[PDB]
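Undergrad: Quick one: experimental structure and sequence below.
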Amino acid sequence: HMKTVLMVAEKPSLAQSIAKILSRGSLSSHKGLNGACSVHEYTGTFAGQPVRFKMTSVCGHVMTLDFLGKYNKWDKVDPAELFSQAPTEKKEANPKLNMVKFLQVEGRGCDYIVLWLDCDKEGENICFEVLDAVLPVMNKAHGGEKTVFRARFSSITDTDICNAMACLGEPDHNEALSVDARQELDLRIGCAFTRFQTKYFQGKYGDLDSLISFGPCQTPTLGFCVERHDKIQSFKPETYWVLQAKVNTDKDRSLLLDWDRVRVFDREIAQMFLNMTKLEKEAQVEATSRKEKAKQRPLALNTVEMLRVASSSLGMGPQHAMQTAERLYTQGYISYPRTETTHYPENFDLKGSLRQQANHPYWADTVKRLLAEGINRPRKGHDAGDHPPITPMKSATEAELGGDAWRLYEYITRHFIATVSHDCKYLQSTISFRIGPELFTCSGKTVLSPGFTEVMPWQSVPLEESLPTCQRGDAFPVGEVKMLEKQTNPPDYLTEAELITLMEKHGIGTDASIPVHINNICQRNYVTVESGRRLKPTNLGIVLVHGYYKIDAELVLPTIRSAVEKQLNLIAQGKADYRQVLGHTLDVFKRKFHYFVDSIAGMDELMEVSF
Amino acid sequence: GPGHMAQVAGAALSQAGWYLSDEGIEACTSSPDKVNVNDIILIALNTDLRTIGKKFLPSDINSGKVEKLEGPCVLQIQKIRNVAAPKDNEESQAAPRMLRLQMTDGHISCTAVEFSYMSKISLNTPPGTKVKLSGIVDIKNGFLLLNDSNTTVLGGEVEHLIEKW
Ligand SMILES: [Mg+2]
């Protein structure tokens, strides 16, 4: 009999697109039991044998981890037992979809299984979820001989999906254990500390309702925003003085000159410089220079940069941007948007990707010229060995794509074209003026070739009126000498972009989990989003961070969180032990938990004052 | 020349810019019979100029009426700050300093600014350090204008220096 091969993707839409590619359009589709998921069937060849292919999908994570029974209630103390004593089991992430039964059913007469789940670690974790359901019901293996395979791919394109099939590998079980470990750590510590506080504060304060929570990652994230707040509140502005002079050119222009000394913080010394310059009527050219310098094209686009730009420029929250990008990836418009890599592999077909955009009105002429002239090599970046940079894989118009989806897509495409374009070359000109004893300079930039700044106009060199041409020894009439009195300014609240950078620097929120944590502290109302996507700490958010710090600074500082995640990654590489990392970490936090509870007074007092 | 030798020592000192009182000079000798200007200078460098120095500066040097100072003269540094740059931030790069120095001859205090870049001094220069001014120093609005050409660091240290006794 003809063998049947089951293939499983992460989402219904992914399964359909992949199947269209592999079947060369020879597809037969029928509805699954749940209505949401479809089944795609066709005949083909596998391992030099005629087989039936059966492609379907799940709907994201099949399971979520929860306790078995009674530990699920909030009123049920002791919360401290959730660290070591409480047993764990996998529960269906969405019971209404009845995902487990469906997998068992389609998986029962199948002989081989090929995993087509997304190739970040999350997709890999679901692989063994899928295998756990399907493996016990599969056809027995004679040798046994390999019957389980795993496809690796970074984009939903004909080239990448077909190539994946030709070189199938295996699922990484070491890496899989790390996700389980990550799930267990955040839940236990999170629920223990949270449920404790919800009861402790239950009905305690009139202005206090269930909004209180703690998280091993979400709390250090909030810590950053509150840290910025504290520096802002204690900032003390200082008055300083800047001397500036104006000179009239031969073309009747007001040239503004910059003080070489830039600024001064002494009132009397400020007056001194002004007195010795205010009566001077002539400014003498002491030096001139022209230097050709280059403003480099950007590094290849990474996940962190996408979220920052989406926030700063497109007004999209980190979570909002991620879901938009994943949908774009789903529809095959971009490569997988979860990668830390900023370096194109030598093998990567840059020209292939570039041709799809050669017909869009906004950048058609730029792309066409580059394919004839020949593409430039992208700057060498860092190769993390996970995926390529986020690159467009298919053409689109503003007609096909919706509001938010188009705006994000437009940037990703424009960014890519710049990385493969030429650098921007410009002239940096300067003139040095002497007024009395004091030195002044004026600077100006003139664009020679726009380069990538043509397709990225927001990074363009600002248009300035050309500097008057002159020689050493020339003199210009001083039109005005005034001294401006100003005050140094305090920092503003953290932008979403600044928070992302902070998290990246300190090594927390890895594997693209950064947008999840940021969205978390907003939903829990620990910060508010103000104009310019600024993160303003709420009353509750401030007290909590201050409270945590007084008891144990290590609860807020990213130091501890950074090390656990580094340990988890070592597990993933097989250079550390799953059980040993769990045991050591849980011991550390159980000790910290008991100390926290004892020193709870540190938190209660601030709550009384505020509420 | 029983103490005539002590007199000529004072004259040699002033030619070098050191303005010490007669009592201060005796204090820096090791014997009354064998005055050595070299030993006196060495000791004075490590002594508070308010203790052994004699006033040379005009009483009104800070008022602005005085526009020039003629060297040579040895002074003591009382305090240094970045006057170009803000108090809390201090050092960070996009400023040029621009140091302000409060100085004294032991009797009159004055204020100097680093008009041109003096690599020989920094924010970390210890209070009590002595400097020799030479040539003509311009004084604008009461501030001495110092540069590499008119200022020489002589060294010396004074521990636990109190700005105002
Ligand atoms: Mg996923």
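TA: Structure received. Numbers count the residues shown, from 1 in each chain, chains lettered A, B, ... in the order given.
Undergrad: residues near residue B:86, how many?
TA: Burial measure for residue B:86: 16 neighbouring residues, criterion other Cβ atoms under 10 Å in any protein chain shown. C-beta here means a position set from N, CA and C on the backbone, and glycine is covered the same way.
Undergrad: was I right about it contacting residue A:265?
TA: Yes: Residue B:86 is within contact range of residue A:265, at 6.0 Å (criterion: Cβ atoms under 8 Å).
Undergrad: now the helices for chain B?
TA: Secondary structure of chain B (DSSP state H): helices located at B:4-16, B:22-27, B:37-45, B:49-52.
Undergrad: any residues in contact with both of residue B:86 and residue A:265?
TA: When contacts are counted by Cβ atoms under 8 Å, 6 or more residues apart in numbering or on different chains, residue B:86 and residue A:265 have A:238, A:240 as shared neighbours.
Undergrad: Domain-wise, how is chain A divided?
TA: Domain ranges of chain A: A:1-171, A:172-235+A:492-611, A:236-296+A:423-491, A:297-422, per curated CATH domains.
Undergrad: closest one to residue B:55 among those domains?
TA: Each of the domains of chain A was checked against residue B:55 via Cβ to Cβ, and the shortest separation belongs to domain A:236-296+A:423-491, namely 23.7 Å.
Undergrad: can I get the CA coordinates of stretch B:70-89 in CSV?
TA: Taking Å, rounded to 0.1, in the frame of the first residue of the first chain, the C-alpha atoms of stretch B:70-89 are listed here in CSV:
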residue,chain,number,x,y,z
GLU,B,70,53.3,91.7,36.1
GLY,B,71,55.3,88.6,37.0
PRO,B,72,57.1,86.8,38.2
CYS,B,73,54.9,85.6,41.1
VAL,B,74,54.3,82.4,42.9
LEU,B,75,50.7,81.6,43.9
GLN,B,76,48.8,78.8,45.6
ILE,B,77,45.7,77.1,44.2
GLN,B,78,42.8,76.9,46.5
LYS,B,79,40.1,75.3,44.4
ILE,B,80,39.5,74.2,40.8
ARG,B,81,36.2,73.4,39.0
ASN,B,82,35.0,73.0,35.4
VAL,B,83,33.4,76.4,34.8
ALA,B,84,32.6,75.6,31.2
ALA,B,85,30.7,72.5,32.2
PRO,B,86,27.7,71.6,34.4
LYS,B,87,27.9,70.7,38.0
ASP,B,88,26.2,67.3,38.1
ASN,B,89,27.5,66.0,34.8
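Undergrad: on that earlier part again, closest one to chain B among the domains of chain A?
TA: The closest of those to chain B is domain A:236-296+A:423-491. By Cβ to the nearest Cβ, the value is 4.3 Å.
Undergrad: how about that closest one against chain B, any contact?
TA: Yes: counting by Cβ under 8 Å from any Cβ of the partner chain, chain B is contacted by domain A:236-296+A:423-491 at A:236, A:238, A:240, A:260-266, A:268-269, A:271-272, A:275-276, A:437, A:488.
Undergrad: Do me a favour and get the end-to-end distance for stretch A:200-218?
TA: Looking at stretch A:200-218, the gap from its leading to its trailing residue is 21 Å under the measure Cα to Cα, to the nearest Å.
Undergrad: List the contacts of that stretch.
TA: In contact with stretch A:200-218 (Cβ under 8 Å, 6+ apart) are residues A:185-186, A:189-190, A:193-194, A:197-198, A:508-509, A:513, A:517, A:520-521, A:524-525, A:540, A:544, A:548, A:561, A:564, A:589, A:600, A:604, A:607-608, A:611.
Undergrad: just the buried members of the residues you listed?
TA: When neighbours are counted using 16 or more other Cβ atoms under 10 Å in any protein chain shown, the contacts of stretch A:200-218 contain these buried positions: A:185-186, A:189-190, A:193-194, A:197-198, A:508-509, A:513, A:517, A:520-521, A:524, A:540, A:544, A:548, A:561, A:564, A:589, A:607.
Undergrad: What about those residues, which are in helices?
TA: A:185-186, A:189-190, A:193-194, A:197-198, A:517, A:520-521, A:540, A:544, A:548, A:561, A:564, A:589, A:607.
Undergrad: residues from chain B in reach of chain A?
TA: Contact residues of chain B with respect to chain A, defined by Cβ under 8 Å from any Cβ, are listed as B:82-88, B:94-96, B:98, B:100, B:113, B:115, B:140-143.
Undergrad: Let's see that with 7 Å instead.
TA: B:83-87, B:95-96, B:98, B:100, B:113, B:140-141, B:143 (Cβ under 7 Å from any Cβ of the partner chain).
Undergrad: How about the contacts made by the nearest residue to residue B:69 once chain neighbours are set aside?
TA: Counting by Cβ to Cβ, 6 or more residues apart in numbering or on different chains, residue B:137 is the residue found nearest to residue B:69 once chain neighbours are left out, at 4.2 Å. The neighbourhood of residue B:137, defined by Cβ atoms under 7 Å, 6 or more residues apart in numbering or on different chains, consists of B:68-69, B:71, B:144-145, B:150.
Undergrad: Let me know the closest of these to chain A.
TA: Distances from chain A to the contacts of residue B:137, taken as Cβ to the nearest Cβ, are shortest for residue B:145 (8.3 Å).
Undergrad: For the ion, what's its nearest residue on chain B.
TA: Among the residues of chain B, residue B:92 lies nearest to the ion; the distance is 42.8 Å by Cβ to the ion.
Undergrad: On the three-state scheme, the residue nearest to the spatial centre of chain A is what?
TA: By Cα atoms, centre = their mean, chain A has its centre lying nearest to residue A:304, at 3.3 Å. In terms of secondary structure, residue A:304 is helix; the call rests on DSSP: H, G, I helix; E, B strand; the rest coil.
Undergrad: neighbours of residue B:2, just the number please.
TA: Neighbours of residue B:2 under the rule other Cβ under 10 Å: 7.
Undergrad: so where does the closest residue to the ion within the stretch 101-250 of chain A fall, helix or strand?
TA: The ion sits closest to residue A:122 of the stretch 101-250 of chain A, with a gap of 3.6 Å, by Cβ to the ion. Of the helices and strands defined by DSSP states H and E, residue A:122 is found in helix A:121-134.
Undergrad: how many neighbours does the residue of the stretch 101-250 of chain A closest to the ion have?
TA: Once other Cβ under 10 Å is used to define contacts, residue A:122 is seen to have 17 neighbours.
Undergrad: now do residue B:92
TA: Counted with other Cβ under 10 Å, the burial measure for residue B:92 works out to 8 neighbours.
Undergrad: any idea how far it is from residue A:258?
TA: Residue B:92 sits 19 Å away from residue A:258, taking Cβ to Cβ, to the nearest Å as the criterion.
Undergrad: cool, and residue A:99?
TA: With distances defined as Cβ to Cβ, the gap from residue A:99 to residue A:258 amounts to 65 Å.
Undergrad: Domain map for chain B?
TA: In the recorded assignment (curated CATH domains), chain B comprises B:1-47, B:48-165.
Undergrad: In a markdown table: the ones you listed, plus distance to residue A:180.
TA: As requested, the domains of chain B are arranged in a markdown table below (distance: least, Cβ to Cβ, whole Å):
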| stretch | distance to residue A:180 |
| --- | --- |
| domain B:1-47 | 70 |
| domain B:48-165 | 46 |
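Undergrad: Select, out of those domains, the one closest to residue A:340.
TA: If you check each of these against residue A:340 by Cβ to Cβ, domain B:48-165 wins as the nearest, at 30.4 Å.
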